[PDB]
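Engineer: as a preliminary step, the opening chains of the complex are given here in situ:
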Amino acid sequence: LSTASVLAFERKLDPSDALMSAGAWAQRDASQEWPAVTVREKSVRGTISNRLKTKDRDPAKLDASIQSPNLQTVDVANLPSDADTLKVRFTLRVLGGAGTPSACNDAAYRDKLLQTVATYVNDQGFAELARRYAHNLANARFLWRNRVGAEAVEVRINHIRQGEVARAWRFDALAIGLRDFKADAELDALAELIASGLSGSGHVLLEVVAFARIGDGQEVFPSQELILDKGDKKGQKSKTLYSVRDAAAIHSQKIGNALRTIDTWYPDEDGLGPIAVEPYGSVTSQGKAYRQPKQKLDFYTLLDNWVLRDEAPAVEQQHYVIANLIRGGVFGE
Amino acid sequence: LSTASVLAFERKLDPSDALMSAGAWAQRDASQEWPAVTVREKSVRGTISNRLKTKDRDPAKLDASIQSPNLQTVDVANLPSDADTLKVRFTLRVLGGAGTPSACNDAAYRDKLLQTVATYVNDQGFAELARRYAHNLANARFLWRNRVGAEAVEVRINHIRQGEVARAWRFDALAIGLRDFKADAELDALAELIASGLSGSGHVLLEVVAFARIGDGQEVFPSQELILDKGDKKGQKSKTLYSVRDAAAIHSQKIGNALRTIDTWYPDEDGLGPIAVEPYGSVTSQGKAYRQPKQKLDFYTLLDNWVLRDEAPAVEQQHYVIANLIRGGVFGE
Amino acid sequence: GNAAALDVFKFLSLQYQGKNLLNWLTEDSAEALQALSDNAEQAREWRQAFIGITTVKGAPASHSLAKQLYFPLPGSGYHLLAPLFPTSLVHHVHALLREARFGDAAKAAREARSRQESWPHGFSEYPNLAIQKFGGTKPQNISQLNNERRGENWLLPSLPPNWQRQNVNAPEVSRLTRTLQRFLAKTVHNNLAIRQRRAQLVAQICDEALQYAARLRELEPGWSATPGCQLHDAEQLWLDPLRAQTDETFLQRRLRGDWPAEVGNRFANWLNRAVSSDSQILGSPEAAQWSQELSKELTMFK
């Protein structure tokens, strides 16, 4: 009857931080002696290019300000002039036990939820979901700004069985587009491995390494750190990059959001592209939140219409519901 | 329909930190293993050249004007004594998709802005903009003080396709002026290629080399580092030249300033020449900011008339607005 | 509670000679008639509505985002143990020991040190503090005492070290010895090149000892009678006392000649017990040979 008041789901498909090395293309074979790109602090001089607030001011000080320069100090990460290839590497754990709630109050709700995800994995297992995850590992979507100017990108994925490699995949990440989800052989093999790691059987460890042909001496983008800038001069620098072990890298949540953006089923022009899987499905880029609960397509209403009122959604929306279950979250009333 | 509160535009026309080497003229073709220019820190004895303050206006301590060698510590970059040519080398990606912001809040404003940029680019493409960009790449305006006394300046632009050139241009940079955008067949070919890179119809990464005959053992001028540290003395250098890996270099934002000087449209006296494209178009070295908000010709009022109120400006102001969008930055309420 | 009712708390914290008998205004008789000097019905009702809604609870709950953590009972079983954020104000003790009289003690510390007699009060520094602000721009939604401090929880650090502290914290020679033992294990015709390689390896070992004596000359001039003197009387003075901490010749055996033969002897005894292959015994004449070798290279210093 009533839903669980506390309903938690842990993050399956947990990635690690994506360290960035630099090296020449066709030297991707010996890509372990490659040095990492270090973030530098550089002071820049620019103008007052922001728009002014002409409220409780005077015109003389504002046009004297826009006549005067503006000194900042930002962080930047460059490739060397002897390396036209960025090597972004991370590990990925596919945990297992997908539909199991990590916290649930009602035992009847837990039993009905387990029976619902059991009937789902019985009639339609993790084929399409793992195919979309294998696409988003196969096309280099975790290069957010590092992909838009690349001539060629290549993704090498290695399954680490016990302490050594068991399976090697080598994909061209530009033939596999960012908006379409085709069907190939090696992608289906990677999806079957991801499904076996997601069916509760194993906890699969993969390494993903992406080579990107940017250019000699060009600028790469590690993920920017969030400082809220409410205090005494804590926003004078305006750009701080993420660095782990003296090396520029991308956050774990950014790689997770990058291989998570599989949802091509939302009620607002799904031919645009796949968006990230969120409850009340949100994109921070367009500043909109698709699947509002005024329409009957958010995660919450689909969830307690599936497991409570016994009415299954469409075949594409229960994929989104199970994708939130893999995505993990805190729900309940 | 109103302006979004967050509007971020990503840098198209991304250059690199331009490195400097030195060699001899007529060996310009085999100028690959040329030795790099290093930055030498020297100490100079001078005089008091500044005008006196009210504390040093005493009759006893005007001795500082009389006997004080003033003992400063500067940096310098010289050519070798048997080398009369400065070579400056960098790479330049031009990405495309100019009007799409990487961050927005109002999706209606985002769609209206994409509609205005789309009716621009299908009204008039990137012809004048890429023509002026290719002209600023033609004459070595990125050689800032390395151009004012050079005898002959020659630039070589190589369209690096995969790891080799695909089309090479070779321009006499002194014949092409710094104040008027003339016509040339190779310049129109380079302008068409930069326009094809600016429309997302191809991947364009150029390698730009520029040789200048400064003189045998003369002084070349790399970028001077900004040191954001206030009042202290007797140990401060006050001149620190920029260098990457013991090789003197020009900043990437310096090259980005220099190949952005395409604005020959501003309501003040335009008989001087092109200035850079900024909102409230500023030359802070000259101390004057053209396109003041007291005129209706800055970037923000023209943009909010073009997008919100559907008041399309003149075609030159349209070129200025799209040049600001190609530049990038933070716009919004 | 709701921040919009926080106004009423600003009415209840009015220190008109006592705000504790005003918030829970129980011990008052004149204040009831002073809250409304018209009648006793609305005055008593407002008084009980002011003393009542600030001592009232509702229902026990933990709304799905507060933490709550299993704790293992000794035999078996668990408890759920929901933690709640305390209002311990170390923030007052932190701010008053960083701004109030930190300035006076700090100026006494920073301009009175040639003057040995400074002011009779000390101060702390509290390094590596961390700011944690709960309400982002409007901290009133959290609580009232989260508005006195503007967020800013002021967390003390823990921060495990990285092999360096001010309070307190904490192999090519083996390659040479191993290749010397593996070299004198086997024999190929026993010619000049074997003795050349043996002299080569013992030369590398003794110049490694010289490098160890030189790189430990970079510690300090003056050691002391620090313990462990069972092997530390002959090699005590081979690691030189830098000739600068002495300054009046307080040591008489520094130039007596006691150290070099004994250091060579005990070094060759170490090399005897360290290098002993299937040719088991090494012996005393080899000990005297390597002893006099290191002794010549140690008396070569002067």
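Structural biologist: Arrived safely. Numbering: from 1, shown residues only, chains lettered A, B, ... in the order given.
Engineer: can you list the domain ranges for the chain.
Structural biologist: Reading this off chain A. Domain segmentation of chain A under curated CATH domains yields A:1-10+A:98-125+A:262-333, A:11-97+A:126-261.
Engineer: sorry, should have said chain C
Structural biologist: With domains defined by CATH domains of a matching chain, chain C comprises C:1-161, C:162-302.
Engineer: close to chain B, is the host helix or strand of residue A:257?
Structural biologist: Element membership for residue A:257 (DSSP states H and E) is helix A:252-260. No. Helix A:252-260 lies out of reach of chain B by C-beta under 8 Å from any C-beta of the partner chain, never closer than 14.0 Å. Every residue, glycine included, has its C-beta placed from N, CA and C.
Engineer: report all helices and strands that that helix contacts.
Structural biologist: For helix A:252-260, the contact count by 3 or more C-beta pairs under 8 Å, 6 or more residues apart in numbering or on different chains; DSSP states H and E identifies strand A:14-15, helix A:128-138 as packing neighbours.
Engineer: contact residues of chain C facing chain A?
Structural biologist: So far as C-beta under 8 Å from any C-beta goes, chain C lies against chain A at C:64-65, C:131, C:133, C:136-137.
Engineer: onto the same structure, chain D please:
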Amino acid sequence: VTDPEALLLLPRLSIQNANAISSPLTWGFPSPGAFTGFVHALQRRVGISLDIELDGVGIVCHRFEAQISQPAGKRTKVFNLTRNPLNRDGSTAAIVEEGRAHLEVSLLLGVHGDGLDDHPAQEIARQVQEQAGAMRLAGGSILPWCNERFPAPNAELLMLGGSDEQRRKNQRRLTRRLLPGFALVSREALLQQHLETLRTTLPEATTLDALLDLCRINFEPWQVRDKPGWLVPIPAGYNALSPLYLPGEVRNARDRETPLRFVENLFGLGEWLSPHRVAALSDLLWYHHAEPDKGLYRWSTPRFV
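Structural biologist: Chain D goes in next, on the same frame as the chains above:
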């Protein structure tokens, strides 16, 4: 009676987003309660199948890198947050401040049970490691040693498995594997000692621990007073606000079969020793102490000095 007969050494684990927030007064390294709960979860998931108990765990912290930044002009430091998605209508959500840190810590834990005579020599440790690879340590995903130049194995040492010279030899070969780390120790006798030397006709509220955390550079007829080791503040358990409730009493619990209680943090003093001056490695292990009808849900390292 909680005495181990073995010591399963789990090697240098790397943890990518831990909880750098430890307590409402302390930040930095995570709580030892996290490590005791991790070992109790390992015993819940592994140890019942082998009929062995897993009680007590060490901490070495081979390296630490918090995700913080210094506000440019202040003497304190702020936390690098994460970005949450929009709420329901398209609006930047209210940020909660989560402190995250990269840890690299190896841990030795005391095996106790009858599920080892001589048959599980090094497959019991392989089982515990290959199951703990799919688990988190303080909110941080344990990165399970990707393809690199070297592996990193586990160890299982028995105290009865060897004579006295072999006992100290195995202790030495165990402490060579975690020697750059720093052992965390609960020090409560030192806190009470510094309190009762501090308490000379003046009371206290919590200054007994705050005075040992700080760096006082006071003057005595500037000087600076020294402390033995890194004496840090640590959250040492919980204390009872509420009488404990029945499972069907508190709305919105984690489950409706466990009794719930409302608790406050408790605060004690810890030290970061080096593990070559421990004098018995059968010490240095973190155990629970309930006394549950009083409160006092403590964790500690007993039998130390």
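Engineer: any bit of the helix holding residue A:257 sitting next to chain D?
Structural biologist: Yes. Contact of helix A:252-260 with chain D (C-beta under 8 Å from any C-beta) involves A:252-253.
Engineer: which SS class is the residue in the stretch 51-200 of chain C positioned nearest to chain B?
Structural biologist: Per C-beta to the nearest C-beta, residue C:137 is where the stretch 51-200 of chain C lies closest to chain B, at 14.6 Å. On the three-state scheme (DSSP: H, G, I helix; E, B strand; the rest coil), residue C:137 is labelled coil.
Engineer: which ones are touching it?
Structural biologist: With contacts taken as C-beta atoms under 8 Å, 6 or more residues apart in numbering or on different chains, residue C:137 has the following neighbours: residue A:230.
Engineer: so how far is residue D:94 from it?
Structural biologist: In this view, residue C:137 and residue D:94 are 9 Å apart by C-beta to C-beta, to the nearest Å.
Engineer: quickly note the distance from residue C:99 to residue C:58.
Structural biologist: Counting by C-beta to C-beta - residue C:99 and residue C:58 are separated by 39 Å.
Engineer: neighbour count winner among the two?
Structural biologist: The residue with more neighbours, out of residue C:99 and residue C:58, is residue C:99; 9 against 5, by other C-beta atoms under 10 Å in any protein chain shown.
Engineer: here is DNA strand E, add it in:
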DNA sequence: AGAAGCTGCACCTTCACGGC
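Structural biologist: Below is DNA strand E, added to the chains above:
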């Protein structure tokens, strides 16, 4: 012509300076 849930709007609300 009466009941539930959603949205819009109002209401609350600023600091002390120099590395074991």
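Engineer: what packs on helix A:252-260 with DNA strand E there, same question as before?
Structural biologist: Using 3+ C-beta pairs under 8 Å, 6+ apart, helix A:252-260 sits against strand A:14-15, helix A:128-138.
Engineer: next one: it to chain centre, how far?
Structural biologist: Its chain's C-alpha centre and that of helix A:252-260 lie 2 Å apart, by C-alpha atoms, centre = their mean, to the nearest Å.
Engineer: the following helix or strand past that helix and DNA strand E in contact?
Structural biologist: For helix A:252-260, the following helix or strand on the C-terminal side (DSSP H and E) is strand A:282-283. No. Under the criterion of C-beta under 7 Å from any atom of the strand, DNA strand E is not reached by strand A:282-283; the shortest gap measures 14.7 Å.
Engineer: the helix or strand just after strand A:282-283 near DNA strand E anywhere?
Structural biologist: Next along the chain after strand A:282-283, taking DSSP H and E as the criterion, comes strand A:288-289. No. Using C-beta under 7 Å from any atom of the strand, strand A:288-289 stays clear of DNA strand E, with a minimum separation of 10.8 Å.
Engineer: could you confirm whether strand A:288-289 reaches chain B?
Structural biologist: Yes. Judged by C-beta under 8 Å from any C-beta, strand A:288-289 comes into contact with chain B at residue A:288.
Engineer: from the chain's centre, how far out does that strand sit?
Structural biologist: 18 Å.
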